[PDB]
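Student: This is the structure, below, for whatever I ask next.
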Amino acid sequence: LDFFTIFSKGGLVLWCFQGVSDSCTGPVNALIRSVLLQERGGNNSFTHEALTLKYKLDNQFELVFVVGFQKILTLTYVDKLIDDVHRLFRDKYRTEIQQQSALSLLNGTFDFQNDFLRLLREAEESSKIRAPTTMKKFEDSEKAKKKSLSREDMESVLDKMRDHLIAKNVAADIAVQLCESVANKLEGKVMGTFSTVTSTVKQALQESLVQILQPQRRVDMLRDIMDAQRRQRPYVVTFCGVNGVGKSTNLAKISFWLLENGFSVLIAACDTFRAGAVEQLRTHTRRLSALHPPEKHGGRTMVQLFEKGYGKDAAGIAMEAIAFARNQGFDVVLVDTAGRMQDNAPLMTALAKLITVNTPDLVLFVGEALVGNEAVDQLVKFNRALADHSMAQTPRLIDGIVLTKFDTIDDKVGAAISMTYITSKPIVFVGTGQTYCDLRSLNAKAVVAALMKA
Amino acid sequence: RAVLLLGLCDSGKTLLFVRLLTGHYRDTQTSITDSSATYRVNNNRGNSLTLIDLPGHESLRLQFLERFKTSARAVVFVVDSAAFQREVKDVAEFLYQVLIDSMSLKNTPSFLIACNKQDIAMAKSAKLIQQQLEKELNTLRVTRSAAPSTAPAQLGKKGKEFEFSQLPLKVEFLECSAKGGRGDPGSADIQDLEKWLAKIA
Amino acid sequence: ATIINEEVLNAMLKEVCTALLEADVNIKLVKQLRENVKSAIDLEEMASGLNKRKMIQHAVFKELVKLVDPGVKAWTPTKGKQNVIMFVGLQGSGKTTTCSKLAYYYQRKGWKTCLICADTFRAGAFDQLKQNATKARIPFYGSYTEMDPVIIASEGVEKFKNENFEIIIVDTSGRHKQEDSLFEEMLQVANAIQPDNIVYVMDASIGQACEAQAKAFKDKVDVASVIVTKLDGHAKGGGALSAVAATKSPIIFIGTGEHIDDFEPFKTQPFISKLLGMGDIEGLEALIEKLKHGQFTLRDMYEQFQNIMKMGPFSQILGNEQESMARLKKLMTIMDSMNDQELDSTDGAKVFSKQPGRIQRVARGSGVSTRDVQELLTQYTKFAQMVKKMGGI
Amino acid sequence: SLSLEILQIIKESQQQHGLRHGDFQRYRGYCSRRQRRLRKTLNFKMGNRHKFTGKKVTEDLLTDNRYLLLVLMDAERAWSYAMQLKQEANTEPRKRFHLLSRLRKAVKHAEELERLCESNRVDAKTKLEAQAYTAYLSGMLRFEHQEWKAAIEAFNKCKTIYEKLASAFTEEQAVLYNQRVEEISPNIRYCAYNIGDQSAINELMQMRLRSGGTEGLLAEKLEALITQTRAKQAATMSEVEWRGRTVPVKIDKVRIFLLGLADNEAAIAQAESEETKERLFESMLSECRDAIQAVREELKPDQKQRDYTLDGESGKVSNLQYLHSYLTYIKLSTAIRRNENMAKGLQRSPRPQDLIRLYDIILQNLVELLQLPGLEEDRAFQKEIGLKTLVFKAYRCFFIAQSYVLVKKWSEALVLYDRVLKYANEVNXXXXXXXXXXXXX
Amino acid sequence: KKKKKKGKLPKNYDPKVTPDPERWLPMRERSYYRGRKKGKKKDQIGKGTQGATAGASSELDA
Amino acid sequence: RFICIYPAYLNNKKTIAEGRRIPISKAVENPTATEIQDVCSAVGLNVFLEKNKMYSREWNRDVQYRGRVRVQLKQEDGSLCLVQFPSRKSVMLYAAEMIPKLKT
RNA sequence: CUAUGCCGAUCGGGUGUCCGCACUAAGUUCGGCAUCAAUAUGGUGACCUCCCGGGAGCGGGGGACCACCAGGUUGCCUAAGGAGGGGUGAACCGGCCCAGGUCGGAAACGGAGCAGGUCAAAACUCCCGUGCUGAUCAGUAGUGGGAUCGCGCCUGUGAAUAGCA
Ligand SMILES: Nc1nc2c(ncn2[C@@H]2O[C@H](COP(=O)(O)OP(=O)(O)NP(=O)(O)O)[C@@H](O)[C@H]2O)c(=O)[nH]1
Ligand SMILES: Nc1nc2c(ncn2[C@@H]2O[C@H](COP(=O)(O)OP(=O)(O)NP(=O)(O)O)[C@@H](O)[C@H]2O)c(=O)[nH]1
Ligand SMILES: Nc1nc2c(ncn2[C@@H]2O[C@H](COP(=O)(O)OP(=O)(O)OP(=O)(O)O)[C@@H](O)[C@H]2O)c(=O)[nH]1
Ligand SMILES: [Mg+2]
Ligand SMILES: [Mg+2]
Ligand SMILES: [Mg+2]
C-alpha cells in the first residue's frame, strides 16, 4: 500500500499517511469524478493512469476509505484489509462520527497511525505465505471428475425498478449499472420510521437520475462565437452520426437559429454518398435566404452552401470550406457529414482523419430518441475511433450530443440517459419537430418527471 | 439565519469554512455533500449563524442552490483570483445563476464576492475582477437566448451597461486568502470576512 | 429430484433474459417467452442430458421461431393485374432507399416496375428518387411544383396504368402518431390510390418504442408485410418482433446495406441465429403397395410370424404341433438377433452371402445355428420367389 | 548508415491500436496483420504451400532497414499476448503457465534481434535501444517468474541505458524516455520490497561494485559509443546551432545542409565578379522560401495553440522558423552586397531612386529581422547586431539620397549631410572620404 | 485571378483557338469512355456512389 | 466334488482375460479335452471326462473346444489324493508340458 | 507619340482537380495446410505377470507396460500447440448397459455376447482459437512521376502592360 486516505463525504480529509511516497494532488479527485459522474461498475476498482485505486463507502457515517497501490498487481489481502480496519475505525470513534454536525470532527483528533500500521504489517505477514493453490486445484480436479438497510431486503424493488427503467427505453447494461450504483449508495444507512424503503430508494434513484442527466457545465456555442470572432477566425462545428438521424434537419434548424441571432453562417456539405443531399441543402439555403434577405442584415450575405459535387473526398472539401470562410470572414462554418455505421472501420477512419485535419472547434453527435440498447455501442465506437487515431494525449472526443425526434415518444426518454451515462458531455440541443422553429433545449426536471411519472 | 458558501469546483470554499471555524489548516478534498455548522460571531454578543457549505461541482450546484435558497439570510460567493482568467465564463455563468436565484427571494440577502488564492503573485486585484465581471455580464445577459422546452429575469433595463450599482442588492468585494506560507503561518487575512459578518449580523 | 436442475434452469433463463434484452427486445415479450418456456419445461418434466445448455437454446430457438411469424403466408404479386405497393414508416427509416431496392429487385425478376413519390413536406425529396431511379434505370414520376401528395399520386398511378406497368410503388413521407394531419393525409392517399399492399418499414436499431407506432398504423389503415432495414450494422433488430405482434404479418425482405444491391428476402433461421448470438441448431395401405410391388423384406416375414404365433394353433383354423411352435419361436429369436439394417434390406440373402461375418455375428447373438442360418436364408429366398411370382400375376 | 527508433515505433504503434485504453487483443491482431503485410511486401516467404521452412534474417539481408522491424513486431506480438494472458489469468490460473511460455519466446526474439545488431552496418543508436528493450523484457520475465535478483539487475541496466540515452538527446526528445523510466520506476521498488528492506541495502551496495567492476568496461564502452554516435549524428545527419538546437526530424533540414554547402561553395567560387551566381542565388532563394513555407505548414497549428492560452511559452513554437528567416535575410544581405559591388563598379537619374528603393527594402528586411527575435526576445545580442546593421544601412541610404550629384538641392543637401555626419560618426574609410568630398563640393 | 501554366506550350499554341472542353475529366466520363468494359452496369450498381445524376432517358413527367 | 478343467485354460492364443491361466510360452496350440484327460490319467485315475458340455467363454462352436475334465485331488477326508500335485496349477502345467510330446 | 488599366496595374513559383499510372500504409472478404512434450496424483480400457480361495461360472489382493480422459507443478518444445466446443462410434472388432437366446449350476446366481440403448476416458472428423499461407476488393490516402491554353488554393513586387504610323 503506497497510498491510503480516510475522509468524510464533506470533502474534509480525516487521516492519511501518503507522505513523500505519493501526493494526493488529484488521485482521489478523479475517483470523486468517477463516483459522481459515470458511476464505477468495476466492483470497487478504479484504474487511474498512474496507479490503480480501490474505494469503500460507509453511508452510515458518510465516510469513504481509499487505498492507492501501484499498477503492479498486488495480492488478495488488500480488500480484506479495507474491511477490517473499517470496522476497527468504526469501533474506535463511534462518538465523533455518529454526530450529524461536522464541528465534532474538527474538534476531535485521530491517532490512527499505530493501529493501521499494525493491521498493515499483520496483513503483509499473512500475505508472505500463500501456498494453498495446490489444495484448491486438487479439490477442483476432484469436483470436475465428480433503521439499517440490508441489500437482500431492497433487492426486490430494485429489480422491479430496473424493469421499469427497461420499459422506459433505457439500455439493459445502463440499467444494471444504475441499480448497482444506487445499491452502493444505500448500504446500512439509517432509515426513518415515517418513510418507507420503496419511497427512500425511489427518491435516491430519482436524485441520481437528476445528477447524471445534469452533466458538466452548459457552455453554449453562442458565447463561443464571439470569442472566435475576437481573433476573426471562423468557428467550426461538425455534425457526426449514423445514418437516418436527421443530421440535415437539425443542421437547418441550427442555421436558422444562428441567423435569427444575427450571425452569418457557411454550410459545408460532405454527404457525397447520400443521393440528393447537395440539392436538399441547396433548397434549405434558398429557404433561409428567402427568410433573411442580405440587405436587411446590412447588404452582406448570410448563408452560403459549399460543395464540390458527389464522390469527392470530404476532408478536402472541408478544408476548402474553412479556407473560403476565413478569406470571406464568415462567422461560423457548419459541416455536415454522411452517416456512417459504427462497425464499418474505413468510414470511422475517414471521419477521424477529417476531424484531426480540420480540428473543428465543436463536435456534435446526433443521436436518436427512438433507438435503444444501441446508442451506447455507437458512442463507444465513435469515442474509441476518435481517440486511437489521435496520437496526442487527451484527444479531441465528442463534445456535444444533439437528441432529435424527441416529439415521437414523449415517454421513452430513458434512451437519452444512456447517452448521458456513456459520455459525460452535456446535451446541447433537443429537436422536437420538422419545422425550423423546433429547436429547444433540455429541461432535466421535466425529463426525470416524465421518466418516473409511471 | 444561514450563510451559504458558493463557488466553482476546487474554489477553496471548504478551506475558508474550516478556517473560519477552527483557525487551523486541515487537508481537504472536493466536496460531495453539504456541510452545516453553527459559528458564533467573535463580538461580545456572540450571536450564532449556521454556515452552510455546498459542493462546487457543476453536477450538484443547482440542486443545492434551489434547495437551500429559502433558509439563507446572507450569501457568500467565492471566486478564484489565480485561476480566474481560464474560468471567467464559468464564474460569470454561476454568478448570473445565483443572482437570478437570489432575486426570487422575498428578502434580499447581502452579497459578497471574495477573491481566493490571493496569497499567490498572479492573483488579480479586486477592482480588476469587478471590471471583468461587469464586462462579461454585459454580454452574458444577451447570450441567454434558448427555448427551455418546459419566467425570465433581467439584470438591467435592456439599454445600459450592466452595473452592480443599478442592482437592488448590496454587493461587496474584498481580498482574502488563507492557505499557508504568508496566509496561515504569517498572519491570517480573514479579519475582513469576520468584520463583514459582524456588519451584516 | 431435479433439485439443482431448477436452480440451473433459473440461472440459464436469467442469462437468456440478459442476452435478449441486450438484443433490443421488448421486455413484455421477454417475460411472456420466459413464462411459456418455463411452462414447457415443467410439462416436459425432464431435461436433455446430451448438453446442459443445448436443450434450453433449442427450446428458446423454437419459441422465437413460433413468435416471429404469425403463420400467414406472405403476399406475392399477381401477373396480369397491376399491383400497387404503398410504403409507410417513421422518419429516417429509409423508406425511399427500400423502395429503390425493391424496385430494382423486382426489375431483376422480369417485371415492369415504376416509382411514384408522395413525399412533399420533406425538402429535397424528389431529387433523391430521381438519382436512385436513374442509377437503376427505372421510370419515375414526380414534380417540384405541386405540393398535395394525393393529386400527384393519383395522376402518377393513372399515367402508369395507361403505360401498363406491372408493378407500381408509391412512397410517402414518414409520420408519427402525434401528428394527426399526416395520418389523415395517409388515409386520403390510400383512399385515392386504393393500394394493393401497404408495407411498413422500421429501423432495426429502433426498439421498445416502435410498437405504439406500429399499432397506430395498423389501427388507422390496413397494413401488410413489414420490411426491416439497417441489419448490416451491430443492431440485431430484436424489437421488430413486437411490430409483428402489432401487425400479425410476416416479413418479406430485409435491408443489409447502404447500396441498392444489398436487398435480400427474409429468412427466419439466420435472423433467429443472430438474435440468439450462436445459432447452434441441429435438425433431424402400405402393405398393399409393397405386395403389388413384390418387394419382400425380413420385416414382413417377422410380422407374419408374429401374427401366426398370435393366432395360435392352426388346428383351430383347420377345424408335432409343439415342435412346430418351438421351431417358430427359435426362428423369431434368431431373426431378432440381427440388426434392423439387414431386416429392412430388400435382398437379405445377398448381404448375408457377401459377408460371412454377419452370419458369425448372428450365430454369436443366438444359439449355434451352424445350419439353421442357411436354412432360414433358403426359406426367405423361397418366400421372396413366391412373393415376386404373386406380384407378377 | 541505417537506423531505427525502436521505442518511438513501438510507442506510436501501441498508442493507436487499442493499447491507449487498455486493450491487447486488437493490438495483437494489428501486429499480426502488419507482420503479414511486411512479409508480403519484402517477399520474405518462409512457408510455401504444403511445406514450412523457418528462416532467419542474415546480415546481408537487413540492408533495407525493415527486416529488424519484423523481429521487433514478433516480440511485440508475443509481449501483447503475454499481457492479455496476464489479464485473463485471474479467471483461470492455468493461463499463467501459458503466459510464461510466451515470455520465454518474447525475450528470445529480442535477444535474436540483439545478435542481429552486433553488425557494424546498423547504427549504434539502434543498438542501444535494442539492448534496453531486451533488458526490459528479460527483467519483466524474471519478475513474473519470481526471480528478484535477475529482474532487478536487468531493470537497473535498462534504467541506466534509458537515462544515458535521455541525457544524450535534448530535453524535448528525452521526455518520452523519462516517461518510460517512470513506467519502470514502481516495479523496481516492489522488487526491493520483495527482498525485505533489510538485506536490500547490502544487495544494492554490492550491486554498485558489481556494476563498477564487471559492467564497468561495458559502461565505458557504451559511453564512448554514445559520444561517437552524438558526434557523427551532429556532423552528418543532424544540425546543432545556437538557434533551434532541437534536431529537426523533417527532411527540409537536408535542404538547409545543401544551402549550407552552397554557402561554402559560393564564396570561394565568386571572388569579385559574383555575376555567374545570380541564377544560383535565385535558385537558393526559391529553395529556402519553399523550406520556410514547409516549416510554416507545421508552425501554424502551434501558433493556434499559442493564441489559445497564455500558459504556453516561447522557445519551441518559433525555434526552427527563426533560423530559416535568418538564412533568408543573410542571403538578401549578400544580394545587397552584390548590388553595392555593381554600384561601386559604376559611378542616370532613376538609378539613385532605384537604389533608394532597394535601401528601403533592406531597411524593411532588417526591421523584420529585428522584430522576429524581438518578438521572441530569447537573446539580446542579436537585436543589438541587427539594430547596428539597420542604422548603418539607414545612414548609407541617407548619404546616397543626399549626394549632391543625386540631389540638386542647394542650401539643403549640405545641412542634411552635416546632420547625418554626426550620426555616421556615432555609428562608426574610403566611403567616409568620398562623402566628405561630396559634402565639400 | 490569372495564372500561367507550363507544359507543351508549342502544342498548346498550335490550335490557338480552344482546348478540349472536357480536359480534366475521368476516362469513364470522356466521350470515348475509354471503356474496356463498356456496359459494366451491374458493377457500377454494386460499388460506387449511391446515385449518379446526369441526363435521364427514363420517364420524367410533371 | 471333482475339480474342473477346460481346454480353454491351456490355449496360448486365448488371452488371460478370455480364459488363459498359464504363460503363453508354457502353453500349447489348440488343446483338446481328450489330450488333457489322457495326460492327467497317467498320474491319477480319478479323472473322468464328458464331451457334451463346453466352456462358458468359448464363443466358437468347435469339437476340439468342447468337453471338460473332472479331477480329484482331495480324498474328501482332509488329505491330498496325490501329494505330487497339491494345486491345479501343477496339473495344468504338467498337461501343457506333456501335450506337445503326444502331439508330435 | 497618343491612349490603357488601380494599388499591386505589367513579371513570377508551388499545389489541388488530371493519369488504363507506380508503390505503400491502413482495412474488408474468401480459401489452403498445420496444430508439442515431460513429470506429480487420481480415474478409465486393453494387454501381461504374480499370488489367495473354491466343484464350476467365479471370488480376494498386488504389479508390469501402452493408449486415452480429468488435471498438480512445469520446459534445453514452439511457427503454434487452448487442459475450448461438437459430431460419428461404424462393416460386425472403442467402451458401458446389455432383452431374448445361449452357456455354468439343483437352485440362488454368474459368464460370454447380438440387437437395441448409452458415452469426461478407441479411433476418425468438424468448429472456434493460434500459426503459416494464397486470393480479394474500394463511398479507406499518400509521395513517386506524368499531366497542366482553365477552374479552385498557397506564396512573391516592379511602376510597364497590350493598338496607332
Ligand atoms: N419528428 C421529427 N422528425 C425529424 C426530426 N429531425 C429530423 N426529422 C426527420 O427525419 C428525417 C431525416 O432527415 P435527414 O436530415 O435527411 O436525415 P439525415 O440524418 O441527414 N440522413 P444522412 O445523415 O444520411 O444524410 C426527415 O424526414 C426529417 O424530417 C425531429 O426532431 N423530429
Ligand atoms: N445502412 C443502411 N442505410 C440505409 C438503408 N436504407 C436507408 N439508409 C440510410 O438511412 C437514411 C434515411 O434513408 P432515406 O431514404 O434517405 O430517408 P427517408 O426514408 O426519405 N426519410 P422520410 O421518408 O421519413 O422523409 C439515409 O442516410 C440512407 O442512406 C439501408 O438499407 N441500410
Ligand atoms: N494558494 C492557495 N490555494 C488555495 C487557497 N484556497 C484554496 N486553495 C486550494 O484548495 C485546495 C484544497 O481544497 P479546498 O480549499 O477545500 O477546495 P474545495 O472546498 O474542495 O472546493 P470544491 O471542490 O468546490 O469543494 C488546495 O490544494 C489549494 O490548492 C488559497 O487561499 N491559496
Ligand atoms: Mg443528411
Ligand atoms: Mg469543498
Ligand atoms: Mg423517404
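Protein chains in written order, with PDB author numbering: chain y, 2 to 147, 330 to 637; chain v, 65 to 214, 221 to 271; chain x, 20 to 303, 316 to 350, 364 to 437; chain u, 54 to 400, 414 to 494, 511 to 523; chain z, 554 to 615; chain q, 14 to 117. Beta carbons are placed, not taken as given, at the ideal position from N, Cα and C, and that holds for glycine.
Span of the beta strand (DSSP E) holding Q147(x)?
Tutor: Per DSSP, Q147(x) belongs to no beta strand (DSSP E); it is in the alpha helix (DSSP H), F145 to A155.
Student: Taking Cβ-Cβ distances below 7 Å as the criterion, which residues of the segment 551–577 of chain y are in contact with chain x?
Tutor: For the segment 551–577 of chain y, which is checked against every Cβ of chain x, the residues closer than 7 Å are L553, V554, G555, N556, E557 and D560.
Student: Kindly identify the DSSP beta-bridge partner or partners of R104(v).
Tutor: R104(v) is bridged to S112(v).
Student: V448(y): which of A458(y), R401(y), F507(y) and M531(y) sits nearest, CA to CA?
Tutor: Nearest C-alpha to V448(y): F507(y).
Student: Quick one, which residues of the segment 86–115 of chain v are near chain y if we go by CB-CB under 9 Å, in chain order?
Tutor: Result list: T86, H88, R90, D91, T92, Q93, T94, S95, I96, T97, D98, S99, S100, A101, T102 and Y103.
Student: If you measure from the CB of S431(y), is any heavy atom of ligand 4 nearer than 7 Å?
Tutor: Checking every heavy atom of ligand 4 against the Cβ of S431(y), one is found closer than 7 Å.
Student: Establish whether the CB of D280(x) and some CB of chain z are separated by less than 8 Å.
Tutor: For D280(x), the answer is yes, since a Cβ of chain z falls inside 8 Å of its Cβ.
Student: Nearest-angstrom Cα distance between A159(u) and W132(u)?
Tutor: Approximately 6 Å, taken between the alpha carbons.
Student: Output, in chain order, the set of chain y residues within a Cβ distance shorter than 9 Å of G113(x).
Tutor: In chain order: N426 and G427.
Student: For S135(v), which residues from the same chain have a beta carbon less than 7 Å from its beta carbon, with the 5 sequence-adjacent residues on both sides left out?
Tutor: Answer for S135(v): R65 and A66, listed in chain order.
Student: With 8 Å as the threshold, decide whether the Cβ of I212(x) is near any Cβ in chain z.
Tutor: Taking Cβ atoms only, chain z never reaches closer than 8 Å to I212(x), which makes this a no.
Student: Would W72(q) be called buried (16 or more neighbouring beta carbons within 10 Å of its own) or exposed?
Tutor: Answer is exposed; the Cβ neighbour count stays below 16.
Student: Assign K50(x) to one of two classes, buried (16 or more other C-beta atoms within 10 Å of its C-beta) or exposed (fewer than that).
Tutor: The residue in question, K50(x), is exposed, as its Cβ has fewer than 16 Cβ neighbours within 10 Å.
Student: Under 8 Å Cβ to Cβ from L121(y), same chain only, skipping five residues before and after it: list those, please.
Tutor: Counting only Cβ-Cβ distances below 8 Å, and skipping sequence neighbours, we find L2 and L82.
Student: Give a yes or no on whether the C-beta atoms belonging to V142(v) and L80(v) are separated by under 8 Å.
Tutor: In contact: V142(v) and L80(v) (Cβ atoms closer than 8 Å).
Student: DSSP beta-bridge partners for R623(y)?
Tutor: Paired residues: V613(y).
Student: Quick one, are the C-beta atoms of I241(u) and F208(u) less than 8 Å apart?
Tutor: Yes. Within cutoff.
Student: In angstroms with no decimal places, state the Cα-to-Cα distance between residue 10(x) and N364(x).
Tutor: The structure shown does not extend to residue 10(x), since chain x is modelled only from 20 to 437, so the question has no answer here.
Student: Comparing C-alpha positions only, which one of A59(x), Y219(x) and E41(x) sits nearest to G111(x)?
Tutor: Comparing Cα-Cα distances from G111(x) to each of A59(x), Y219(x) and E41(x), the minimum goes to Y219(x).
Student: Opposite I7(y) in the DSSP bridges: which residues?
Tutor: Note: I7(y) sits in a beta bridge opposite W16(y) and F66(y).
Student: Near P214(x), what residues of its chain come up, given a Cβ to Cβ distance below 8 Å and the 5 sequence neighbours on each side ignored?
Tutor: The answer, listed in chain order, is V103, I104, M105 and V189.
Student: Is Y425(u) helix, strand or coil when you go by DSSP?
Tutor: Helix, per DSSP.
Student: Going along the chain, which residues of its own chain have a beta-carbon closer than 7 Å to the beta-carbon of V41(q), five neighbours each way excluded?
Tutor: Result list for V41(q): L23, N25, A109, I112 and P113, in chain order.
Student: Per DSSP, which residues does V241(v) bridge with? Please list them.
Tutor: In the DSSP output, where bridge partners are listed per residue, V241(v) has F175(v).
Student: Taking just the CA atoms, how far does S69(q) sit from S67(x)?
Tutor: Straight-line Cα distance between these residues: approximately 39 Å.
Student: Return yes when the Cβ of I186(x) is within less than 8 Å of the Cβ of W94(x), no when it is not.
Tutor: No, the pair does not count as a contact, with Cβ atoms beyond the cut-off.
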